[PDB]
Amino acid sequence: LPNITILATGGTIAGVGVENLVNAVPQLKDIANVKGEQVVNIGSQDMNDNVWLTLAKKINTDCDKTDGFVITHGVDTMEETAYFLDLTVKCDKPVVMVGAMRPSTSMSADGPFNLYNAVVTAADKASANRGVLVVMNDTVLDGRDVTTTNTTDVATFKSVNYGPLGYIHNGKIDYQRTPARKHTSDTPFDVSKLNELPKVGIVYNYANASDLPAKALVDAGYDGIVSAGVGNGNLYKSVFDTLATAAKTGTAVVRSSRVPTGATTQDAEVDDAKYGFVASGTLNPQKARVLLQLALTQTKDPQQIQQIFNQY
């Protein structure tokens, strides 16, 4: 039976230490030797760069000691941690993230079977070499495209652009897809010696939007700003003016969208070359922030940033 390490970070799946959780699902012993370590115990709305860094290091450092990783984490920023670990983890062994929408004590709590199926996925050899995974609602989702789609539904997690990698039925996975975008040990991002990441903020666009949020980030010397644009990554005029000024001033600018699916493209309404802006593609704003932070460890150059956004 495979050796599987659970790294606990909190969330509503624990709404409680790694011990209790493991012990709540005695059927885990049917599929793996499960060992639990507590990294943190927080609601994922308070997820931060330091936790990210703790996790990337710990997985990379403990890779040879285990056959796989499950990370119990909150729902709220799961999609952001999944893609961070997707781009920084060097281990070629499965890393599977899982949470829950209802707590342990609620009617029809989703946590137990979620965990069961996260382990089935971490323990399956066919799960290797597909990047960092999220396993929720009987489904295996790549860490790049996965996002939460509904505020309360157990079925919230979806790969809303390119679809899931496979479905889990009766402790078995039929994989039919793997992400093409370069991930894990095919990426230049090496975070083993870093104690902090470049400062990247997100600003929202909408009608009559103020430029003040964007200005406060420029004023604070932020390394990057991600625009959550309207439509195909468009920007309200005040916001566009402030970011056209930040881009040439040592603040990288990534155009993403608040629209929940589809790529922000080049060649639409925004002359990106002319402003020194980067189009995020299908990366949603919080996702773009992950990749922007990590592109800034390698380079401050807009054109080389765009290339990274085109490859990872």
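Numbering starts at 1 and follows the sequence shown.
According to the entry, the deposited sequence places 10 or more unmodelled residues between residue 15 and residue 16. Stretches 43-51 and 58-66 differ in mean C-alpha B factor, with the higher average recorded for 58-66. Across the two stretches, 150-158 and 100-108, the PDB entry reports the greater mean Cα temperature factor for 100-108. Considering 186, 76, 211, 145 together, the PDB entry gives 186 the largest C-alpha B factor. Listed residues 283, 268, 253, 34 were ranked by CA B-factor as deposited; 34 comes out on top. When all modelled residues of the chain are sorted by CA temperature factor, residue 229 is found within the lowest third. Sort the chain's modelled residues by C-alpha temperature factor and residue 241 lands in the middle third, per the entry. Among the modelled residues of its chain, residue 169 has a C-alpha B-factor that falls in the middle third, as given in the PDB entry. Among the modelled residues of its chain, residue 258 has a C-alpha B-factor that falls in the lowest third according to the deposited record. Placement of the Cα temperature factor of residue 248 within the chain: highest third of the modelled residues, per the deposited record.
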